[PDB]
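Beneath this line is the structure, given in C-alpha cells, with notes to follow.
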Amino acid sequence: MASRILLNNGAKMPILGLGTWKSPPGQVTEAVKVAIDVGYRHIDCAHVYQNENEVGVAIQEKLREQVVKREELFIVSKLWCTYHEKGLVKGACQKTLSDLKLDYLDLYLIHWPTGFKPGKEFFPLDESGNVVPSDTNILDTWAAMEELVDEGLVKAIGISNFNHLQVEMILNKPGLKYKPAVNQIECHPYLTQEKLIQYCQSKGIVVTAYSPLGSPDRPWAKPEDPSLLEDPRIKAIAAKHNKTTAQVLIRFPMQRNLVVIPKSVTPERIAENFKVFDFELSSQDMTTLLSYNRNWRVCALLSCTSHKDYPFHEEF
Ligand SMILES: NC(=O)c1ccc[n+]([C@@H]2O[C@H](COP(=O)([O-])OP(=O)(O)OC[C@H]3O[C@@H](n4cnc5c(N)ncnc54)[C@H](OP(=O)(O)O)[C@@H]3O)[C@@H](O)[C@H]2O)c1
Ligand SMILES: O=C(O)CCCc1nc(-c2cccc([N+](=O)[O-])c2)no1
C-alpha cells in the first residue's frame, strides 16, 4: 500500500501520522523525534493541546540534524473555537507557526464547527456551564482560512468534526475559493462513519480518522465503556495476522482510503504503530470490523450540545 494520498490541492499527505492530544509537554519532544527517526512524516497538532512549542522543538532538531527535509514533512494544526472571528484567524495561525517553528503548515483545519466567545478561556462558560458561543458563522471562518492559503501561511485548509450538512454548507458556500482538502473525524470499529465517509470521499475530500485506538487515555473514560484494544474479537483478527491489536486498528482505516493518526508517547509503541504497511486485512476482516459499529464517541462534549452548530445531533 502506498504511503501517501493525493489531496484536492495537488499535494500528497502521508496516510499515517502521529497524534499529539494529551501528549505531555515533557514527553512529546522525544516522542516526535522518535517518530521521525522510525519513519513518520506527518504530525497532527493543535493549539488547544498546549504542547505545540515542544512538538516544534522536535521538528526543528530533526530538520537541523538533516534527518528529514521540510518538504518531506506534513504538519497539521487546527484553529481553536475561540478564534473563528475573521480578525483572529491569522493571528491564531501565526502563533501555531511560531510555536511549531515553521514558516507554513501543510494543512490547517477548523478544529470544530462551533465558534466560542473569544478571550483567554478555550471553553468560555456561562454560570450554568453552557459554552458561550460566538456569532461568527462557519462560512466567514472558511473565507478567513482561504486567505491563509493566499498569504502562503498554509498549503491546504480543511475541517474537523463537520457533519454532512456542514460539509455541504462549505461546499455550497457562495464564492467558495478552495474546497476543504480534509475532514478529520472520529473513526474506529465502534464508530465506523460509513455515510459521512462516503459523502466526503465522493466530493474528493480526504478523511482523517482520529482516536483510532478508542483513546484509552481520554480524561473521561468510564469502566462500562467499550474498549477496542481489549475486544477479544479484534484481538483474534490480530492473532490471525500475527500483528498487535493496535496494528489492526491502524491498518483498518488505511484500507478504507483514510488517513490515520494514532497517538503515543511510548517509543516502542510509536515504532510498533508504524509497522502496518507489510500486511493486509481481508475484505471479510474489514466487513467484520465494520460490523462492530455501535455509534460510540470518545469526543462529544455535553457543554456544547446546545450550540447551534453542535455537529452530532444529525445522524451523520
Ligand atoms: N480533530 C479533533 O477534534 C481530534 C479529537 C481527538 C483526537 N484527535 C487527534 O487524534 C489523535 C489520536 O486520538 P487520541 O489521542 O484520542 O487516541 P488514540 O490514538 O486512539 O489512542 C491513544 C492511546 O492509546 C495508547 N496507545 C498507542 N499506541 C498503543 C499501542 N500500540 N498499544 C497499546 N496502547 C497504545 C496511547 O498510550 P501512550 O501514549 O501512553 O503510549 C494512548 O493512551 C490525537 O492525539 C489527536 O492528534 C483530533
Ligand atoms: O481536540 C481534540 O483533539 C480533542 C479534545 C477533546 C474533545 N474536544 C471536544 C469538543 C470541543 C469543541 C466542540 C465540541 N462539540 O462537541 O461540539 C467538542 N470533545 O472532546
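Looking at 281, 258, which is the one that is within 16 Å of the chain's Cα centre (by Cα) and of a type outside the set (D, E, K, R)?
On the way: 281 fails: within 16 Å of the chain's Cα centre (by Cα).
Selected residue: 258, the only one of 281, 258 that is within 16 Å of the chain's Cα centre (by Cα) and of a type outside the set (D, E, K, R).
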- Message: Is it the case, given these coordinates, that residue 35 is more than 16 Å from ligand 2 (Cβ to nearest atom), aliphatic (A, V, I, L, M) and in contact with a strand residue (DSSP E or B) (Cβ under 6 Å, 6 or more places away or on another chain)?
- Response: yes
- Subset of the range 25-47 [outside any strand (DSSP E or B) and near ligand 1 (Cβ under 9 Å from one of its atoms)]: 27, 31, 45, 46
- Over the range 100-130, the set of residues hydrophobic (A, V, I, L, M, F, W, C), farther than 30 Å from residue 70 by Cα and buried (at least 23 other Cβ atoms within 10 Å of the Cβ) is 116
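Kindly indicate whether residue 12 is among the basic types (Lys, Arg), at negative phi and surrounded by fewer than 23 Cβ atoms within 10 Å (Cβ to Cβ).
Working: among the basic types (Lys, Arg): yes; at negative phi: yes; surrounded by fewer than 23 Cβ atoms within 10 Å (Cβ to Cβ): yes.
It is true that residue 12 is among the basic types (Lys, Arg), at negative phi and surrounded by fewer than 23 Cβ atoms within 10 Å (Cβ to Cβ).
Restricting the range 257-268 to residues that are touching a strand residue (DSSP E or B) at 6+ places or on another chain (Cβ under 8 Å) and more than 8 Å from ligand 1 (Cβ to nearest atom), which is nearest to residue 234 (Cα to Cα)? It would help to see each step written out before you state the result.
Pass one, the range 257-268, residues touching a strand residue (DSSP E or B) at 6+ places or on another chain (Cβ under 8 Å): 257-264.
Add one more test, that the residue is more than 8 Å from ligand 1 (Cβ to nearest atom), and what stays is 257-260.
Numbers: 257: 20, 258: 19, 259: 20, 260: 18 Å.
Here the residue is 260.
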- Query: What number of residues within the range 180-205 are crowded, with 19+ Cβ neighbours inside 10 Å and in a loop (DSSP other than H, G, I, E, B)?
  - Reply: 8
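Tell me, which residue of the range 74-127 that is in a loop (DSSP other than H, G, I, E, B) and hydrophobic (A, V, I, L, M, F, W, C) is farthest from ligand 1 (Cβ to nearest atom)?
Here the residue is 102.
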- Message: Which residue is nearest to ligand 1 (Cβ to nearest atom), if the candidates are limited to the range 227-236 and must be closer than 22 Å to residue 284 by Cβ and touching a residue at least 12 places away in the same chain (Cβ under 8 Å)?
- Response: 229
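In the range 48-67, which residue that is assigned to a helix (DSSP H, G or I) and of a type in the set (S, T, N, Q) is farthest from the chain's Cα centre (by Cα)? Lay out the reasoning, then the answer.
Quick first cut of the range 48-67, residues assigned to a helix (DSSP H, G or I) only: 48-49, 52-64.
Adding the requirement that they be of a type in the set (S, T, N, Q) leaves 53, 60.
On the way: 53: 18, 60: 22 Å.
Only one residue fits best here, namely 60.
Please work out if residue 183 is within 16 Å of ligand 2 (Cβ to nearest atom) and not hydrophobic (A, V, I, L, M, F, W, C). Give the steps one after another, and end with the answer.
Working: within 16 Å of ligand 2 (Cβ to nearest atom): yes; not hydrophobic (A, V, I, L, M, F, W, C): yes.
Spelling it out, residue 183 is indeed within 16 Å of ligand 2 (Cβ to nearest atom) and not hydrophobic (A, V, I, L, M, F, W, C).
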- Contact list, first residue from the range 252-272 and within 16 Å of ligand 2 (Cβ to nearest atom), second anywhere and among the aromatic types (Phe, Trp, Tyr) and part of a strand (DSSP E or B), beta-carbon distance below 7 Å, six or more apart or interchain, is 261/210
- Note on the structure: All-but-one check, residue 248 against (1) in contact with a strand residue (DSSP E or B) (Cβ under 8 Å, 6 or more places away or on another chain); (2) closer than 18 Å to residue 188 by Cβ; (3) among the β-branched types (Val, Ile, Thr), failing number (1)
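Hey, could you check the range 71-87 for residues that are in contact (Cβ under 8 Å) with a residue 12 or more places away in the chain and surrounded by fewer than 19 Cβ atoms within 10 Å (Cβ to Cβ) and say which is nearest to the chain's Cα centre (by Cα)?
First pass over the range 71-87, keeping only residues in contact (Cβ under 8 Å) with a residue 12 or more places away in the chain: 72-86.
Right, trim to surrounded by fewer than 19 Cβ atoms within 10 Å (Cβ to Cβ) and you get 72-73, 85-86.
Working: 72: 19, 73: 16, 85: 22, 86: 23 Å.
Only one residue fits best here, namely 73.
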- In this structure, is residue 208 assigned to a loop (DSSP other than H, G, I, E, B) and surrounded by 15 or more Cβ atoms within 10 Å (Cβ to Cβ)? no
- State which residue is nearest to residue 249 (Cα to Cα) when the search covers only the range 142-198 and only residues that are of a type in the set (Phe, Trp, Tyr) and either free of Cβ contacts under 8 Å to residues at least 12 places away in the same chain or out of contact with any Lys or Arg (no Cβ under 9 Å at 6 or more places or on another chain) (or both). 162
- Task: Of all residues in the range 146-163, count the ones that are within 29 Å of residue 194 (Cα to Cα) and within 17 Å of the chain's Cα centre (by Cα).
- Result: 9
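Quick one: count up the residues across the range 137-160 that are assigned to a loop (DSSP other than H, G, I, E, B) and within 22 Å of residue 185 (Cβ to Cβ). Quick ask: steps written out before the conclusion?
Let us first name the residues in the range 137-160 that are assigned to a loop (DSSP other than H, G, I, E, B), namely 137, 151-153, 155-156.
Then drop every residue that is not within 22 Å of residue 185 (Cβ to Cβ), which leaves 137, 155-156.
Count: 3.
Quick note: the coordinates plus some simple rules give every number you see, no bench work behind them. Every residue, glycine as well, gets a Cβ built from its backbone with ideal geometry; the counts of neighbours run over all protein chains shown.
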